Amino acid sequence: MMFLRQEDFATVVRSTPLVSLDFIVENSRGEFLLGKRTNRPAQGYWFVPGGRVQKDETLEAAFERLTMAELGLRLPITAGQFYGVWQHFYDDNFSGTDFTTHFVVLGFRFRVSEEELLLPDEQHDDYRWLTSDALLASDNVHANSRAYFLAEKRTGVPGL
């Protein structure tokens, strides 16, 4: 694996696509999990949870590390239903406005129980649950997350 220093990470984001896993998480009430992005890229929006795959890390191992990191619950890849290969492009990057961010994204859908998500207490306001219709009505949910809930957008996604 490899967590890069700020300088190396800058070069990578500037030079090449990142790969990420996105979690479309449903609770027992048919609502979907959303987290807020306070930093760049694309600060000021709500996103489904997810994260980046590191150098020499398998998808299987990334799924377990990322579900634990993002949701407070370690899940195996077999728990998620694969939901297509998506692409996320952003004007900015974690460090500012000098270059763009590009993700190639593997989506996964699965159900959890709200109780089992063990996150730090002070982070509980960083998340909210919305039904599909409500999340599609919100001004605040980024297009890259709205996309998972629009039939129009599913068209031509490899794996769907």
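Sequential numbering from 1, following the sequence displayed.
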Quick check on the record: does 122-130 or 53-61 carry the larger mean Cα temperature factor?
122-130
Test of understanding: from the entry's C-alpha B-factors, which stretch has the higher mean, 14-22 or 139-147?
139-147
Would the CA B-factor of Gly96 place it in the lowest, middle or highest third of its chain?
highest
Comparing against every modelled residue in the chain, figure out the third that the C-alpha B-factor of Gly44 lands in (lowest, middle or highest).
middle
For the chain shown, is the CA B-factor of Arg111 in the lowest, middle or highest third of its modelled residues?
highest
